[PDB]
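# An overview of the molecular structure
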Protein chains: 4
Amino acid sequence: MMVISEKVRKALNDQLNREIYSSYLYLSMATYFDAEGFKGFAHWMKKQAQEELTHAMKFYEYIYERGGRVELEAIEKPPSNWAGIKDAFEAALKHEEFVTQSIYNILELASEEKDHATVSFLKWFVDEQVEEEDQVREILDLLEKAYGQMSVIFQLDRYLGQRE
Amino acid sequence: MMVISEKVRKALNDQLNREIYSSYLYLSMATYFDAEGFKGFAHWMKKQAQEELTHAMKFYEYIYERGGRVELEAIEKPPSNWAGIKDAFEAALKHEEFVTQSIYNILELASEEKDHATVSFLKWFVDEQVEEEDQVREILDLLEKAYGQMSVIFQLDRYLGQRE
Amino acid sequence: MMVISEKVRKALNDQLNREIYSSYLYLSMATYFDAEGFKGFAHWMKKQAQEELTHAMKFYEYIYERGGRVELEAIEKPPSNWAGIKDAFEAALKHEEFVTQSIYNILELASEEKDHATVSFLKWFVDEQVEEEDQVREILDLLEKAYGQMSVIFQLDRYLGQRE
Amino acid sequence: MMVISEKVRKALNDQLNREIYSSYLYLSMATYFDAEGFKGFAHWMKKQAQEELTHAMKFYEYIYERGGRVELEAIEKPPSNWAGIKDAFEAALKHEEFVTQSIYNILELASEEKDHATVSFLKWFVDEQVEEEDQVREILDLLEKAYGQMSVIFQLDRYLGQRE
Ligand SMILES: [Fe+3]
Ligand SMILES: [Fe+3]
Ligand SMILES: [Fe+3]
Ligand SMILES: [Fe+3]
Ligand SMILES: [Fe+3]
Ligand SMILES: [Fe+3]
Ligand SMILES: [Fe+3]
Ligand SMILES: [Fe+3]
Ligand SMILES: [Mg+2]
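Its PDB header names X-ray crystallography as the technique used to obtain the model and reports a resolution of 2.8150 Å.

Next up, the structure:
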C-alpha cells in the first residue's frame, strides 16, 4: 500500500519525467556539438545525458519503495540549435537551475506533509544539484576566458572529451 | 552569479574565519602544553589545529561552489596560558560548544531563507561537532579520574601523542 | 632552563608569527585566484600556505629545544585582492624578500651574541629563502612572457595545479 | 703537510680527549645505575658512552684529513656515585653544557684564524650539542614529574632501556 500521498507521489513522478527530459535535452545538445564538429563537447553532453538517466532511476526506485508506481509521460521535443558553444552551456545552466527549484518544491511539499522519508531521500539531489550547477559554471567561466580564441577552445574540447 | 544570499555568504565567511581561529587557539594550547613539558598533549593540539584548517577549507570550497568569494579577516590573539591540563581542555570544550551554536545559527538562518543547499551542507558539521565535543568530554572524563595521579596523566600524555 | 637570550627568543618568536602571517597571506592570494577562476594558481597558493606553516613549526620546535616558549600574537588582516596575476605574484615576491631580510637581521643578531646554535639553525632558512624567491621569479618570468593569451596562462595554471 | 694551525690542532685534540672523557663519565654513571638496580638507565648511559666515542672519532678523522695527528692524553678518574637519578642526569647536562661551551671556544678561535674549513666542520657539533642537551632536559623534565613512585620511574627505566 502506498505510504506516500498522491500529491507527493505526483511530484516525484513529475521530477522523474523532468530528469528524463534533462537527459534528452543534453543528448540534443550533443547533436549540436557533433554538427559543429566539437566531438569532445559532444562526448561530455552524452555523458551528462546518461548521468541524468541515473537520476531518473533514483526517483523510479524510491517511488516503488514507498509503494507507488511510475507513469512515463510524453517527452517534449527539445531545442536543436544554439548560438555559440557558450549559449548551449548557458541553456544548460539555466535548465539545471530550473531543475533544482523543481526539487526544492518537492522538498517543501513533503515538509508540509511531514513525509520525513521523502524529505530525507531528496537531499542527495540537493547536494548533486550544487555539483551539477558548479560543473557548468566552471565551464562557462573558461569559455569566457577563451574569448573566442580557439586554441583554447580546442584545449577545452579535448579536455571535456576525456570525461569518464 | 552568486546563488547564495549575501546574508548567508557573510555567515559562512564568518564561520570560515572562526574555524581558523579554532586552529590558532588549539596551536596556542599546544604552545602551553609544550612549555609545561607534555609533548603528547601538545601533539594532540597540533593534530587538531590541523583538523580545524580542513574544516575551514570545507567552507572555503563551499563558498566558491555557490558563486561567493572568501575574504580573510584578522585573527585575534588567542590566550597563551591556562591553569593546568584540565583547564585547557575545558576551554577547548566550551569553545567547541560555541562553534556548534555558531553553526546552528547559520543553519537556522539558511532554513528561514529556504536555502536548502546550505542547510544540507551544514549536516556534515553538525555531525562532526557531535564528535568534536565528545572527543573532548571523553578526555576530560579521564583527567578527573586521574586527579593528579601522574602515573595516569603520564600514560595519557604518552597515548594522546599517537593521534594520527 | 632557557639557554637562548630573551632578545633572540623574541626574534625567533616574531619570525614564527611572520611565517604564520605568510601562510595567511598566501591563502588570501588563493581567495583572489579562486574568485578570478584560476583554480591552478589557487592550488599553488594553498600548497604554499601549508609550506609556510611547516616553516613556522620549525621555529616552534627549535625555540622549545632551547628552553624557550612560543607566544602567538595576533594575525593582521591580509590584502584580499590584486590588480592581476602578475601583480599578485609581485606582491608574493616582495613579501618573500621581506622575510629573508627579517631572517638576516636575527642571524646578524645571534652572531653578535655569539649564539652559534641559532646561527647554525638559521642556515636552513637562508637556503630555503633562496629557493622560495627564485621559484617566484620563475613564475613572474613566465608571466612576463605570457603577456596575454589565456592559451599560455591556462597551460600554466593547469600545470601549477600539479604542485604536490 | 699539516694545513691547520697548531693552536687549532691542539684545540681539536683537546676536544677529542674531552669527548673520550665524556664517554668514560657516561660509563661511570652506568656503574652507578647498575649498582642501584636500574638496568634501563644503565643501558641508556652505556649507549651514550658509545655515541661519545663516535664524536671522538669524528674529531680524529678530521685532524688527519688536515695533515695533523692525534695525541691521546690521560683520562681523569671520573665520579663514581651521585645522590639520585635526578642528580646524576643534572651532572650529565652540566657536562654537556661544558662541552658545547668548549666547542664554541674553538669555533670562535678558528673564526679569528679565518680557518673556514674547521669552522664549517664544527657546525655538525653545534647541531649535535643542541640535541644532546635537549635530550637530557627531557629526562630531567620527566623526572621532576616522576617525583617519587617507582611506578613511573620503572616504566621510564624500562623504556629508556630500549634505546638502540
Ligand atoms: Fe539531474
Ligand atoms: Fe542534472
Ligand atoms: Fe571545527
Ligand atoms: Fe572543531
Ligand atoms: Fe617561509
Ligand atoms: Fe616562503
Ligand atoms: Fe659529544
Ligand atoms: Fe654528548
Ligand atoms: Mg574529529
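All right, on to the packing of aromatic side chains then. In the structure shown here, the tally under the stated rule is 52 aromatic pairs over all chains. Look at D:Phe33 and D:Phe89: their rings are 5.7 Å apart centre to centre, the planes differ by 25°, and that puts the pair in the stacked class. In this pair, D:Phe33 is assigned in helix α1 (residues 6–35) and D:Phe89 in helix α3 (residues 85–112), connecting sequence segments 56 residues apart. The same class applies to D:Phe33 and to D:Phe89, which are both buried. On the basis of an interplanar angle of 65° and a centroid distance of 6.0 Å, the ring pair of D:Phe41 and D:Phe89 is categorised as edge-to-face. Separated by 48 residues along the polypeptide, D:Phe41 in helix α2 (residues 39–65) and D:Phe89 in helix α3 bring together distant segments of the chain. Grouping residues by exposure puts D:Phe41 and D:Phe89 together as buried. Chaining the aromatic ring pairs together yields one cluster made of A:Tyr32, A:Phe33, A:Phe38, A:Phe41, A:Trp44, A:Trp82 and A:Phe89.

What follows deals with the coordination of the iron ion (ligand 4). Residue and element names in this part refer to chain B. Protein ligation of the iron ion (ligand 4) involves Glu-52 (OE), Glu-96 (OE) and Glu-96 (OE), the donor distances falling in the range 2.2 to 2.7 Å. A spacing of 2.8 Å is found between the iron ion (ligand 4) and the iron ion (ligand 3), which share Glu-52 as a donor. On the criterion of sequence distance, the pair formed by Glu-52 in helix α2 (residues 39–65) and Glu-96 in helix α3 (residues 85–112) is long-range, its members being 44 residues apart. The residues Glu-52 and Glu-96 share a single accessibility class, namely buried.

Below, the discussion takes up the relation of the copies chain A and chain B. Expressed as a screw transformation, the operator carrying chain A onto chain B has a rotation angle of 120° and an axial translation of 0.1 Å, and the superposed copies differ by an RMSD of 0.3 Å. Look at the turn and shift together and you get a three-fold axis relating the two. If distances are taken from each C-alpha of chain A to the rotation axis, the shortest is found for A:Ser120, at 5.8 Å. Residue by residue, only 9% of the interface of chain A is reproduced at the interface of chain B, so the copies engage with different surfaces.

Within the structure shown, the criterion is met by 41 salt bridges over all chains. We note a salt bridge from D:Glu133 to C:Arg66, for which the minimum N-O separation is 3.2 Å. Here the residue D:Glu133 occupies a position in helix α5 (residues 123–144), and C:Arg66 occupies one in the loop between α2 (39–65) and α3 (85–112), the pair thus bridging two chains. There is no split in this pair, since D:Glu133 and C:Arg66 are both buried. As a salt-bridge pair, D:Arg137 and D:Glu133 come within 2.7 Å of each other at their nearest N and O atoms. Here D:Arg137 and its partner D:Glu133 are both found in helix α5, four residues apart, which amounts to about one turn of the helix. Residues D:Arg137 and D:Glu133 agree in their burial class; the two are buried.

Procedures and definitions
- Residues numbered from 1 in each chain as written, not as in the entry; some residues may be left out.
- Chains lettered and ligands numbered in written order.
- Part of a larger assembly, values for the part shown.
- Heavy atoms only, no water.
- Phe/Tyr/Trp six-rings, centres within 6.5 Å; stacked < 30°, edge-to-face > 60°.
- Helix = DSSP H or I, 4+ residues; strand = E, 2+ residues; numbered from the N terminus.
- Buried < 20%, exposed > 50% of the residue type's maximum accessible area, 1.4 Å probe, protein only.
- Donors = N, O, S within 2.8 Å, 3.2 Å for Na, K, Ca; no water.
- Least-squares fit on C-alpha atoms.
- Contact = heavy atoms within 4.5 Å.
- Salt bridge = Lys/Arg side-chain N within 4 Å of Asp/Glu carboxyl O.

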